[PDB]
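Asks: return a 3D structure for these sequence lines:
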Amino acid sequence: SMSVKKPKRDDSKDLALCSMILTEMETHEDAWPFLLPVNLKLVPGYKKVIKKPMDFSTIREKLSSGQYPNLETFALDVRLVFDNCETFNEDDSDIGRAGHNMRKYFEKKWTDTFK
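Replies: Residues are numbered from 1 along each chain as shown. Provided below are the atomic coordinates:
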């Protein structure tokens with residue numbers, strides 16, 4: 001509360017460490033469904049159904065331009081990529097499986113880096 005603060009966690013490396021995680025996600029072999037925004041002209045149903053589209057290139061641009069206030073807003077966009085994927089894709093599809101694999105990969109890096 002006012003004039004009463006928990007000890008200051010060092011957040012000065014967060015930006016660099018989120019960039020590294022994002023590099024590792026970008027270079028994973030199962031990243032291909034997620035690298036670029038879904039083409040809303042060419043994929044019937046996507047625009048109406050997926051209310052907040054997100055992809056790795058969009059996260060990379062947000063990251064690079066100071067649009068994440070803190071590391072949690074960064075994790076929320078990564079998870080949005082996978083949540084969208086589960087919303088639109090059957091679990092038993094190449095893209096559905098890609099999404100589950102990438103989410104697992106992400107969540108391990110996230111825990112090992114920050115928890």
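
Asks: surely residue 85 and residue 30 touch.
Replies: No. When contacts are counted by CB atoms under 8 Å, residue 85 is not listed as touching residue 30 (11.0 Å). C-beta here means a position set from N, CA and C on the backbone, and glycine is covered the same way.

Asks: return the residues in contact with the residue nearest the centre of the chain.
Replies: Centroid-nearest residue in the chain, with CA atoms, centre = their mean: residue 78, separated by 1.2 Å. With contact set as CB atoms under 8 Å, 6 or more residues apart in numbering, residue 78 has these partners: 22, 25, 59, 106.

Asks: and the third one, what helix or strand is that in?
Replies: In the assignment (DSSP states H and E), residue 59 maps to helix 56-64.

Asks: the helix ranked longest in the chain - contacts with which helices or strands?
Replies: Secondary structure of the chain read by DSSP state H shows that its longest helix is helix 94-114. Here helix 94-114 touches helix 14-27, helix 71-88, going by 3 or more CB pairs under 8 Å, 6 or more residues apart in numbering; DSSP states H and E.

Asks: right, so those helices: which one is the most enclosed?
Replies: helix 71-88 (a mean of 17; mean count of other CB atoms under 10 Å).

Asks: pull the CA atoms of that helix into PDB?
Replies: What follows is helix 71-88, C-alpha atoms only, in PDB (Å, rounded to 0.1, in the frame of the first residue of the first chain):
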ATOM      1  CA  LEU A  71       6.600  -9.800 -19.000                       C
ATOM      2  CA  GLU A  72       3.000 -11.000 -18.200                       C
ATOM      3  CA  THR A  73       1.400  -9.100 -21.000                       C
ATOM      4  CA  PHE A  74       4.000 -10.800 -23.300                       C
ATOM      5  CA  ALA A  75       3.000 -14.300 -22.000                       C
ATOM      6  CA  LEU A  76      -0.700 -13.400 -22.500                       C
ATOM      7  CA  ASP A  77      -0.100 -12.800 -26.300                       C
ATOM      8  CA  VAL A  78       2.000 -16.000 -26.700                       C
ATOM      9  CA  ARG A  79      -0.800 -18.000 -24.900                       C
ATOM     10  CA  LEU A  80      -3.400 -16.200 -27.100                       C
ATOM     11  CA  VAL A  81      -1.600 -17.700 -30.200                       C
ATOM     12  CA  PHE A  82      -2.200 -21.200 -28.800                       C
ATOM     13  CA  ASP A  83      -5.700 -20.600 -27.500                       C
ATOM     14  CA  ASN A  84      -6.700 -19.300 -30.900                       C
ATOM     15  CA  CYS A  85      -5.200 -22.400 -32.500                       C
ATOM     16  CA  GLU A  86      -7.200 -24.700 -30.200                       C
ATOM     17  CA  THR A  87     -10.400 -22.700 -31.000                       C
ATOM     18  CA  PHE A  88     -10.000 -23.200 -34.800                       C
END
